[PDB]
Amino acid sequence: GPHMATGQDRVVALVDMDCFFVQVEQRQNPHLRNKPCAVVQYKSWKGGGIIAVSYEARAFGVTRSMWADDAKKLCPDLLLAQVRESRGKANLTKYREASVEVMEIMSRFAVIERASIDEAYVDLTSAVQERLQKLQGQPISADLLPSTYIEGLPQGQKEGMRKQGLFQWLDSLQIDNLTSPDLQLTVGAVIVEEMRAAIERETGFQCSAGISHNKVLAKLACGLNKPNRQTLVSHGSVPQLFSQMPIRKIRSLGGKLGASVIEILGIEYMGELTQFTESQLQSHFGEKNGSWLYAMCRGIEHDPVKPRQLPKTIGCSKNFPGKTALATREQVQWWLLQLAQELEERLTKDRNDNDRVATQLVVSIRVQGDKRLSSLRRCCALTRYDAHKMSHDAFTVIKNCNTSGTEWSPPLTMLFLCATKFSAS
DNA sequence: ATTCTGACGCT
Ligand SMILES: Nc1nc2c(ncn2[C@H]2C[C@H](O)[C@@H](COP(=O)(O)NP(=O)(O)OP(=O)(O)O)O2)c(=O)[nH]1
Ligand SMILES: [Mn+2]
Ligand SMILES: [Mn+2]
């Protein structure tokens, strides 16, 4: 009872941009705004592969991983923006720079952990404490939460439902107790409204957010009312929320591990995990995963918001599927050089912006007919930012995969160069 | 023949 800690010590938010690459293209090209539109990579094979879809286009069934030619069958009016092509490959620089715009705004409010090109976690515990002291017992008005949903409310038109649930929540709040976790989350949500307003004012981009006591619940909360809304998931909301939540929806369980939880335990929903002992879960899934699962299904997770805004690696990849696979020495060399030229550009800019240098070069390849996504992964020293040296070293390190007797066999279906092991500069 | 990333765990 009094000694079962409840994982209510922190206020954590997850901010995720709405259809991010589409919004970047819509800001640049006003003719795309408020239209069914998507962003593709390449164009020749089936019109290109879609990686981002506006919410208008999602209403017709357009999804990521769809070929644009197929999406047009669902949505004949679909508008398309193509990712930039440089040195014969997709170049995501525009979206990386847009990401930095957003991250720099979020960093004004609190320490953030970049979790992807378009999302960051925010540790708001200290900011909430400061703001609670600033309010000096003053209640929290619904006007301060104009885009917030309270998960699980109302209890007992979409905007009308939203506001009913918010009123129920706010009428229940104990504002005089500076230590109430529910009040702390509410103040967190006020700050996140301010952060999201700043992002939209200063970039034009809309985003959604989750506010809860840890990263997993904040990420889950984010997706519940996208787009352009934020969602507060309280500790008390967890039993009902998890009682029908498929296990695969929880971050890290969308893959083989979640499938094995489902199959070994004979369950479907996160909440059903509560019926197992910590030792039982550790027995099936290992000591780390088992402890994590035991706490997670009760709404509890301890993973910190890491102070890390910048990527830890800078990588350059290209697939060569089907008959396009690289089958000569000259081909492999030329593409390694293209990859290294983009890597050198991004690294030189990184070194000037972020006062750091990469020290290790990772080379990964796939060969045709190989089941694995990495037929080989080998590292070497990254001593200078020179594309010719990096491409020559990558070839030196992969060349003994060639079984030919000028030819390359098995043909390569993927090349990948990644700079890692950064040190201050 | 979604492709192009990037974090993190295991051994
Ligand atoms: N190259 C590449 N980029 C991708 C891929 N998947 C996503 N991206 C890029 C394009 C995406 O815009 C961006 C962020 O991915 P999300 O946050 O998962 N989706 P979004 O923000 O579009 O919509 P929502 O409102 O549902 O969050 O990452 C992929 O497989 N490949
Ligand atoms: Mn997003
Ligand atoms: Mn995202």
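Proteins get letters first, then strands, A, B, ... in listed order; numbering begins at 1 in each. Atoms considered below: every heavy atom in the structure, side chains included; atoms not considered: hydrogens, waters and symmetry mates.
- Put simply, A/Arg64 has no side-chain N or O that comes within less than 4.0 Å of OP1 or OP2 on B/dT3.
- Counting any heavy atom pair closer than 4.0 Å across all strands shown, A/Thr324 reaches a base atom.
- OP1 and OP2 of B/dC4 both lie 4.0 Å or more from every side-chain N or O belonging to A/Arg366.
- Across all strands, A/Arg251 comes closer than 4.0 Å to no nucleic acid atom at all (heavy-atom distances).
- Put simply, the side chain of A/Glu268 never gets that close to the backbone of A/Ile262: no donor and acceptor are under 3.5 Å apart.
- The shortest distance between the side-chain N/O atoms of A/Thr313 and the OP1/OP2 oxygens of B/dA7 is below 4.0 Å.
- At a threshold of 4.0 Å, the pair A/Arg356-A/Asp350 counts as salt-bridged, since one of the basic side-chain nitrogens sits closer than that to a carboxylate oxygen.
- For A/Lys318 and B/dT3, the NZ to P distance is 9 Å, given to the nearest whole Å.
- At whole-Å resolution of the value, CG in A/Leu412 and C1' in B/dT3 are 17 Å apart.
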Could you list, one pair per line, each protein nitrogen or oxygen that sits under 3.5 Å from a nitrogen or oxygen of nucleotides 9-11 of chain B, together with the distance?
none

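- Salt bridge A/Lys72/A/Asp77: absent, no basic N to carboxylate O contact under 4.0 Å.
- Nucleic acid contact for A/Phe416: none, since no nucleic acid atom lies under 4.0 Å from a heavy atom of the residue.
- By the 6.0 Å contact criterion, NZ on A/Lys399 is open, its count of non-hydrogen atoms from other residues, nucleotides or ligands being 12 or less.
- Residues A/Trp45 and A/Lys89 each lie close to DNA chain B; by heavy-atom proximity, the contact nearer the 5' end of the strand is made by A/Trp45.
- No more than 12 heavy atoms of other residues, nucleotides or ligands sit less than 6.0 Å from atom CZ of A/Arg377.
- With A/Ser291 contributing its side chain and A/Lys288 its backbone, the two residues share no donor-acceptor pair below 3.5 Å.
- One atom, CG of A/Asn91, and another, P of B/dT3, lie 18 Å apart when rounded to the nearest Å.
- Checked for salt-bridge contact, A/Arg384 and A/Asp386 miss the test: no charged N lies under 4.0 Å from a carboxylate O.
- Computed from coordinates, the A/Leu373 CG to B/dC4 P distance equals 13 Å when rounded to whole Å.
- Under 4.0 angstrom from either OP1 or OP2 of B/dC4 there lies at least one side-chain N or O belonging to A/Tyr42.
- With B/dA1, B/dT5, B/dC8 as the candidates, the nucleotide lying closest to the side chain of A/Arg96 is B/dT5.
- If you measure from atom NZ of A/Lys219 to atom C1' of B/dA7, you get 14 Å, rounded to the nearest angstrom.
- Spacing between atom NZ of A/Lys421 and atom P of B/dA7 amounts to 13 Å, rounded to whole angstrom units.
- Spacing between atom NZ of A/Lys46 and atom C1' of B/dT3 amounts to 15 Å, rounded to whole angstrom units.
- Proximity of A/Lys306 to the phosphate of B/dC8: a side-chain N or O atom is located under 4.0 Å from OP1 or OP2.
- To the nearest angstrom, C1' of B/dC4 lies 11 Å from CG of A/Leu339.
- Formation of a donor-acceptor pair under 3.5 Å by the A/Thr420 side chain with backbone atoms of A/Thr313 is not found in this model.
- Between A/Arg346 and B/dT5 there is a side-chain polar atom (N or O) within less than 4.0 angstrom of OP1 or OP2.
- With DNA chain B read from its 5' end, the first of the two nearest nucleotides for A/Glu342 and A/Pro321 is the one closest to A/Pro321.
- Using a 4.0 Å heavy-atom cutoff across all strands shown, A/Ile314 reaches sugar-phosphate atoms only and no base atom.
- In this structure, A/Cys418 reaches neither bases nor backbone, as no heavy-atom distance under 4.0 Å exists between it and the strands shown.
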